[PDB]
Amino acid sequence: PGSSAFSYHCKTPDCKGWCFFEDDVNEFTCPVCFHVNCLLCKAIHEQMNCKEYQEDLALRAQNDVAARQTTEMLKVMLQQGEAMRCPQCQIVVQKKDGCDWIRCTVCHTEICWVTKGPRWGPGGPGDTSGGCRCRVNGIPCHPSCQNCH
């Protein structure tokens, strides 16, 4: 039966482990089964980085109905704007409930989840030559933004 709307639930089959989300935490070591869940992929991929996991998922999706299930759902989330691609390394990033800001696990770029784009310009933190420019001229990057760092 899982857990709260505020929680991530472990992906080990039938595991009762769960956690809350935190802006600067992208992995969850389940205290029940001890497997490391990646919160951006919503998957356990302990032998791979996220790009390797997602490229392998697309490969398995050609001859596996359950992987094809997963990938075609991601395609719809991407189109609906529920997920996004990292603007730097282009992995698929899925939402962490209540987090307006994400640091990519693969390339470490800061992502403004509210606007579905980079937080900063190419110079990184403090570079408002690009990115969402939250609170430049006092204006939030979107009226719904509470804290995109």
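Note that residue numbering begins at 1 and tracks the sequence as displayed.
Stretches 55-63 and 30-38 differ in mean C-alpha B factor, with the higher average recorded for 55-63. When 44-52 is weighed against 78-86, 78-86 comes out higher, by mean CA B-factor as recorded in the entry. For the set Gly17, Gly126, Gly131, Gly138, the PDB entry assigns the largest Cα B-factor to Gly126.
Taking the PDB entry at face value, the top CA B factor among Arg68, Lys116, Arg119, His108 belongs to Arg68.
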